[PDB]
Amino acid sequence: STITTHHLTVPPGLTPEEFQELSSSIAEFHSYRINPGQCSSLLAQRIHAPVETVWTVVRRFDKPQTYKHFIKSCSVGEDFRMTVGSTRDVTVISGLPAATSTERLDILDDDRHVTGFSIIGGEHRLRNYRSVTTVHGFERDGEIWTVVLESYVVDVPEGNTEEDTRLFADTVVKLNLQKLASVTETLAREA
């Protein structure tokens, strides 16, 4: 059992100067105690849009399809409210027969721009998956931009190397963060 070290390495796609401004947030929100058989990763994405524009999309637990790829549909309860412990049923585009991943909302902090979720049923390739996404505003000489950080911890299935699990989860997260950027930059450029 160890503690992750995401707060001591510059995540790809981030400047060292950006990283050093984010160190405390990475320690607070993007650290995990990991056991053997588990792996963890931290991904970053710079977005040329204001923080609240990005957050408004990131915080919509009931509409992951807005920025995530491979979502066929997302269903929530009839009296769903955006509250910790609530769940969503996501239908992922797998090439396999129709199914659903049940996901639990773990964190929602509208003041600090933190959210996170856990996969609690369905996707057997990501058993014990848990992620946290945070949104951060930057300013330099009157210019503003945003950085989104997303980390996860996950169990490595029996009969898989860590390096294959990480490579799948990283690719999904990185692609989703790219879509988040395009979606919110379009919104920023247009609105």
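When you see a residue number, it is the position in the sequence shown, counting from 1. Note that the rigid core is defined as the largest set of C-alphas that superpose within 1.5 Å between two forms.
Student: Is the larger C-alpha RMS shift in 4 other deposited structures of this protein, relative to this form with the rigid core superposed, found in 120-128 or in 22-30?
Tutor: Taking the RMS over all superposed structures in 4 other deposited structures of this protein, 120-128 lies farther out.
Student: What stretch shows more C-alpha movement in 4 other deposited structures of this protein relative to this form, 8-16 or 176-184, after the core is superposed?
Tutor: After superposing on the rigid core, the more displaced stretch in 4 other deposited structures of this protein is 8-16.
Student: Would you tell me which stretch averages the higher CA B-factor in the PDB entry, 97-105 or 71-79?
Tutor: Between 97-105 and 71-79, it is 71-79.
Student: Please compare 47-55 with 128-136 and name the stretch with the higher mean C-alpha B-factor in the deposited structure.
Tutor: The recorded data point to 47-55.
Student: Pick out which of 10, 177, 22, 169 has the highest C-alpha B-factor in the PDB entry.
Tutor: Answer for 10, 177, 22, 169: 10, with the highest C-alpha B-factor.
Student: Pull the Cα B-factor of residue 33 out of the PDB entry and bin it into the chain's lowest, middle or highest third.
Tutor: For residue 33, the deposited C-alpha B-factor lands in the highest third.
Student: Based on the entry's values, in what third of the chain does the Cα temperature factor of residue 150 lie: lowest, middle or highest?
Tutor: Residue 150: CA B-factor falls in the lowest third of its chain.
Student: Among all modelled residues of this chain, ranked by Cα B factor, put residue 41 in the bottom, middle or top third, i.e. lowest, middle or highest.
Tutor: Its C-alpha B-factor belongs to the lowest third of this chain's values.
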